[PDB]
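Q: Sequence plus experimental coordinates follow:
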There are 2 protein chains.
Amino acid sequence: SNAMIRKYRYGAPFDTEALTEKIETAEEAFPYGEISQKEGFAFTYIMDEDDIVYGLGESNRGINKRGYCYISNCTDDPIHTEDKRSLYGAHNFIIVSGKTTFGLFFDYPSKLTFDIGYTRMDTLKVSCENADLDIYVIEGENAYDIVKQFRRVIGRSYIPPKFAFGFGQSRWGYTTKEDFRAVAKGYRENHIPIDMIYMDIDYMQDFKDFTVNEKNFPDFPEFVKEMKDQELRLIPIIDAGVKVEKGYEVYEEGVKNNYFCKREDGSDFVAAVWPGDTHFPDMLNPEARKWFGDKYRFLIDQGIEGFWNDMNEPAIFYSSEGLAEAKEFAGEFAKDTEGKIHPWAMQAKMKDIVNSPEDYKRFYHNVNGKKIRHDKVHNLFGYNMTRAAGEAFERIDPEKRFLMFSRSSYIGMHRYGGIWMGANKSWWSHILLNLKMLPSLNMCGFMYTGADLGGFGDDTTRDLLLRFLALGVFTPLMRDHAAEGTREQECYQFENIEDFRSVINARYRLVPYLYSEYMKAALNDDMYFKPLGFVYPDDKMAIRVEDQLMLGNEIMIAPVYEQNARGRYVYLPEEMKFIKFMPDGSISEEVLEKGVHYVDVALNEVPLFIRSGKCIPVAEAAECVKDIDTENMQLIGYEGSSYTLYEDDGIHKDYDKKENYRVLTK
Amino acid sequence: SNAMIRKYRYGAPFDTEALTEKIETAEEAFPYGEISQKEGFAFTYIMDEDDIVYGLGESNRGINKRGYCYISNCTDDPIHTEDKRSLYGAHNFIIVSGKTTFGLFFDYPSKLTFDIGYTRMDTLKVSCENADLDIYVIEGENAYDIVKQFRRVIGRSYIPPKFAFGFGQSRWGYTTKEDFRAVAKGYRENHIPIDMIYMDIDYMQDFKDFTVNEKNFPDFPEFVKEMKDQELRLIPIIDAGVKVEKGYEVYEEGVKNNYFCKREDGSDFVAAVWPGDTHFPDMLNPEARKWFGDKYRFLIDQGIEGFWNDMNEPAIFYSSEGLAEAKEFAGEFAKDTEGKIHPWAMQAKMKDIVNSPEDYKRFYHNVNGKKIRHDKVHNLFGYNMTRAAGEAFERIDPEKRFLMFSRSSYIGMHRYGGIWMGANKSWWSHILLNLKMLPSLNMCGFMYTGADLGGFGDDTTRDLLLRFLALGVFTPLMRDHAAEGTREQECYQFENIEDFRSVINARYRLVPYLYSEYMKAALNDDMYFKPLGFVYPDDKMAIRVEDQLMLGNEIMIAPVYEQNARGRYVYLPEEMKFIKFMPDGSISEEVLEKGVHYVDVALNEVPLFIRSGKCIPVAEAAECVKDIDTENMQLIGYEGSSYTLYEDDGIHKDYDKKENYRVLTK
């Protein structure tokens, strides 16, 4: 089809500000399927048997979304299993790809249900409670063309500083300078590369946003510099909830200036999170956003160059109302002698007060003099928290890139920060799940992304971490961050440390190439990771591959994701050079023809494939991003090919200089 | 190595009667690794890097058990996640396979921990609280030889009646005659093959074992006949817990004759399950065992020819003690004004009263006057419940085979019934899990096995059901039994029901072959399913394949287990004929050479591979086992090959007759 984007408006949509490009309202009949405004809103479309459905960004299941139900409803779940319908992100863009091909973006800020062949195999049904939304229809040559059009109108993706393409580490539990010093020493003295150490909630004073524990960090700026002098940048977490505490300045200011979300009666809503009772900044109120974002100056002025935003669905352990209800019910259960209240009913009530739909109807946002109940705009919360930070960085230092990523998100947030897929338990299934999400995230603007393995208890075995890190080599966010209750030993503490050094070395050897492809893609509103079907649209086998990805225009990745495996099957849609980074520092190469192959990949080997007629630069291993030698890089791949390398200072925003680009020829 | 079996005795083991062959106590030092009795019992062994560890029957993870922790401790968990350490069965047989190869059976009836490279990759450690156990060491030239020796000493596996090789259907909520009549009608009017309909707990009078609801089934024997006249055999469930109810004969007899498990003070221990308060029959008390098993006559005399035993870990929703503790805790939570008792602690207490280790220490078995605390022999409960039934069948009708399978088990129970792998979710990952478990189950004597999907609502999508059934085609227990909180998932309830009919037709066409292989294996203490490494021991690639299985000596299976997939990769260790049962009743054939292939398999096609120089008989599709025409079967496979068909009357036990064997030549 001829490229076209049209916007169909229903009712009176809340302005989410997802798009940067203004699309005029289309007046003509809606061009695909059927629209009903009877029971709220529903779009219904009958798919052809061969149709593939792409999109939904951070959502469960596979690259082809057919065959299940997905609900856009920012949610933090304890475990990511196959039946979960909602993850942390609400990314309402889908592309139907087949004989009839088109994209749809449903710009709607509340619970949106995508029944993608779940109820009836041939039926796509997208529904929500109120017909107040904009639907963008995108037409084009194919799915990839449709994605590129969408990427244009949602505005340029967030771009991290180059140090963020290094490796990072963190543990929920690091509290003192001494803990951080031991990690720094463990990596540097064992020559494992690293650029970042993440600080979890224990660095704060009693879990208070925009404080540092003064007992532990009396001289925090000096410690920040101590780490930075060793090319270790500390990246502190910020939470959505601001502790209720008299005399705490962030709390006092929020109360005085009405910057917190309020109950129906205008009192400040209380949600318990890590600090106990908290209030939530009204992320949808521009004045509150400016105030909250400006608080980041507290840490930036101490030498911090990156942040991560958490618990921003927002998470609620319980509300004052929910806790009271639960205690009342517990009292009834305690006194019940007639078998009225079953133990499982008691258990359910306790589970029900966590992230409760009832609580999301108990507080409001103040948006242009109007109070809007939170549930009606729930999916915008994390988005606007991260927007608050991003906009504050632009005011503080317009020309500087800060590392920034968020748990919850909605399209539009992709301009301000990346995302990470969190986890609690260490599962093999996490590897494939995260691989599959990558292209979908890219379709929706989120290019700086990565995942956590889990880390709880002793469940992270050596081989699981090694395979997880070998996927991480390619994801812009690559870190080993372990969750609460972790007893995960450090990379330098596992048996045969050289294997970990090998995998992380591979990341650093690839940084110039990966950074270059990230920059070329971000600056041109293109994808960093692509499904095979976007690159080989005429190959019926290629279009259905879900456990391999194309990266940039030069390579294909295919990580091993099965325990005890010494290799895996791949499909090559053209001739490629199969490359492995070896634990002795060498790079092995084998030419493989188009077709099916089984390739050997040891735990301490990192594989990739270089496409026919392409090459990539590979640096010698270095232990931090600053020390990578990009003057003397070898070119791996096909004789006679060339590669355009993007390289800037990695710090500022001087993107449009011709000097940033140089052609390398093998 | 030269075949041999030695028994090493530690302490004063409880006699589990797992082995039928008596082995003398060896007096030499333990032949492999090291044994410690410093703190309970521990066996520690250093594995070679290439060693594969087989075994553990019904356990999590893969065929090669290396890289995780497994605890033998019969348990019913709400969700079978990849991190779970214990399933329903405790099958303490492992084989280390490599440069040095040997098998070990740990005959110990309590919590047994297998740390198989979980803590340290090269270390196998098996441990338990008390050094009172027998350890059998089995030597042989290879893992398969070692398995065959083990199968000899544990005694011949349970053999089902031939009707049990048909297809079965059930739903938790079937309650009335009309419920069952609708199933009979739906299947038979649509020419969908079927032999069995399962009866879940609603057929009883108020969940009372060995009753039938007389309002719903006024003349049950007449109804059983109504069904049997249409070749539908009703298969009723029996639970471990006998309802506490005055006037209920099973309860009154148990109380009067001290046939229930008692608390320390001699009172009958109370456990809540489906009927509310129940007592558990004392399965280790020989008189109580005989009494409980004899109760099956109630149903046998009414025309019932099969049973399934459930909740027999035994499951406990709560005990009287646990409930009282939970209520006390709840009272404290309710009155807490200082926030000392957190809601998650309340939630945890509620969770903790279900299947509680503390409850398993509260009741005892009386074995000839010797009182044994249940936890010390926990893994023997389900085994002995099923033994009770099996021994009663032998007294009631020695010449007749009954269908019998059980949820919980221990080696030794394999002589008396099969097992099924239940579930509370409908996950694609459970297809692969169940596939991988099959050979391990066969190693431990359990050949009559199969699995369920158990998701709620409409979470079992049409395509998942079809792929699940396509694995089921090959598993001796093949049924579609759906949970309570679920849509109706009968094969005649989906859009294009021909697809379901096609898959079940494939089963029936294969019944003569599958039954023949089952009988030959059972009668010769051999495996029905085998890992590829057992058949192609010299092929380094074959030995590590985990998502294909060999069946008998003729075929290989390789089910598709990925959503939206139209085919899958396979490795063929020799030339084979790739065949597919097609929806039009045809059978496609293609010769494929040794090596790697991607094969196309549609949702409504059932694939298998016939080995070079082999053939199998394939019958025309029939709608019940009785109607299968075995006189005029096709031979599919290689010209010049032969197949020996075992066929008997399928009802009695006349196995040792030359006339049971017929040689077919293609």
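A: Looks like it came in fine. Numbers count the residues shown, from 1 in each chain, chains lettered A, B, ... in the order given.

Q: Please make it C-alpha for all contacts and neighbour counts, starting now.
A: Noted.

Q: Can you tell me which residue is spatially central in chain A?
A: Residue closest to the average C-alpha location in chain A (Cα atoms, centre = their mean): residue A:419, at 2.4 Å.

Q: what residues does the helix or strand harbouring that one touch?
A: Using DSSP states H and E, residue A:419 falls within strand A:418-421. Residues outside strand A:418-421 that contact it (Cα atoms under 8 Å, 6 or more residues apart in numbering or on different chains) are A:158, A:404-409, A:434, A:446-452, A:477.

Q: buried subset of the residues you listed?
A: Among the contacts of strand A:418-421, the ones that count as buried by 16 or more other Cα atoms under 10 Å in any protein chain shown are A:158, A:404-409, A:434, A:446-452, A:477.

Q: check contacts around residue A:532.
A: Contacts for residue A:532 (Cα under 8 Å, 6+ apart) come out as A:542-546, A:548-550.

Q: Which helix or strand lies directly C-terminal to the lengthiest helix in chain A?
A: Once chain A is assigned using DSSP state H, the helix that runs over the most residues is helix A:497-523. Downstream of helix A:497-523, the first helix or strand assigned by DSSP H and E is strand A:529-530.

Q: Can you give the strand pairings for that next one, parallel or anti for each?
A: strand A:549-551 (antiparallel) (DSSP bridges).

Q: Neighbouring strands of the very next helix or strand once past the strand it pairs with in the sheet, and parallel or not?
A: Where DSSP H and E defines the elements, the next helix or strand beyond strand A:549-551 is strand A:555-557. Using DSSP bridges, the strands paired with strand A:555-557 are strand A:549-551 (antiparallel), strand A:606-611 (antiparallel).

Q: Need those strands in CSV (columns: mean neighbour count).
A: Formatted as CSV, the strands paired with strand A:555-557 follow (neighbours: other Cα atoms under 10 Å in any protein chain shown):
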stretch, mean neighbour count
strand A:549-551, 23
strand A:606-611, 24
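
Q: Could you work out which of these reaches nearest to residue B:381?
A: Nearest of those to residue B:381, taken as Cα to Cα: strand A:606-611 at 48.6 Å.

Q: so how far is that closest one off the chain centroid?
A: 24 Å (Cα atoms, centre = their mean, to the nearest Å).

Q: same check, this time on stretch A:69-82
A: Using Cα atoms, centre = their mean, the distance from the centre of stretch A:69-82 to the centre of the chain it belongs to is 14 Å.

Q: Could you give the backbone dihedrals for the residue lying closest to residue A:87 once chain neighbours are set aside?
A: Using Cα to Cα, 6 or more residues apart in numbering or on different chains and skipping residues adjacent in sequence, the residue nearest residue A:87 is residue A:75, 5.4 Å away. Backbone torsions of residue A:75, given as degrees, to the nearest 10, read phi -140, psi 140.

Q: where does the closest residue to residue A:240 other than its chain neighbours land in three-state SS?
A: Closest residue to residue A:240 apart from its sequence neighbours, by Cα to Cα, 6+ apart: residue A:312 at 5.2 Å. Following DSSP: H, G, I helix; E, B strand; the rest coil, residue A:312 is assigned to coil.

Q: what's the burial count for residue A:312?
A: 28 (other Cα atoms under 10 Å in any protein chain shown).

Q: Spit out the contact partners of the residue nearest to residue A:87.
A: Neighbours of residue A:75 in contact, by Cα under 8 Å, 6+ apart: A:86-89, A:313, A:315, A:355, A:408.

Q: now with 10 Å?
A: A:85-90, A:311-315, A:355, A:378-379, A:407-408 (Cα atoms under 10 Å, 6 or more residues apart in numbering or on different chains).

Q: among the residues you listed, which are in helices?
A: Short answer: these have none in helices (DSSP H).

Q: Of those residues - the most surrounded one?
A: Highest neighbour count within the contacts of residue A:75, by other Cα under 10 Å: residue A:408, with 33 neighbours.

Q: could you measure it against residue A:234, distance?
A: In this view, residue A:408 and residue A:234 are 22 Å apart by Cα to Cα, to the nearest Å.

Q: cool, and residue A:518?
A: 23 Å.

Q: likewise residue A:380?
A: From residue A:380 over to residue A:234 the distance is 28 Å, taken as Cα to Cα.

Q: Then residue A:86?
A: Going from residue A:86 to residue A:234 by Cα to Cα gives 31 Å.

Q: gap between the two ends of stretch A:416-432?
A: Using Cα to Cα, one end of stretch A:416-432 lies 27 Å from the other.

Q: between residue A:380 and residue A:234, which one's more packed in?
A: Between residue A:380 and residue A:234, residue A:380 has the larger neighbour count (other Cα under 10 Å), namely 32 against 25.

Q: Would you quantify the distance from residue A:584 to residue A:499?
A: Look at residue A:584 and residue A:499: by Cα to Cα, they are 10 Å apart.

Q: scratch that, residue A:69
A: Taken as Cα to Cα, the span from residue A:69 to residue A:499 is 40 Å.

Q: For residue A:631, grab the count of nearby residues.
A: For residue A:631, the neighbour count with other Cα under 10 Å is 7.

Q: I'd assumed it was in a helix, is it?
A: No - the assignment for residue A:631 by three-state DSSP gives coil, which leaves it out of any helix.

Q: Touching, residue A:15 and residue A:108? I think so.
A: Yes - here residue A:15 reaches residue A:108: they are 8.6 Å apart, a contact under Cα atoms under 10 Å.

Q: residues bridging contact with those two, i.e. touching both?
A: Residues within reach of residue A:15 and of residue A:108 at once, by Cα under 10 Å, 6+ apart, are A:133-134.
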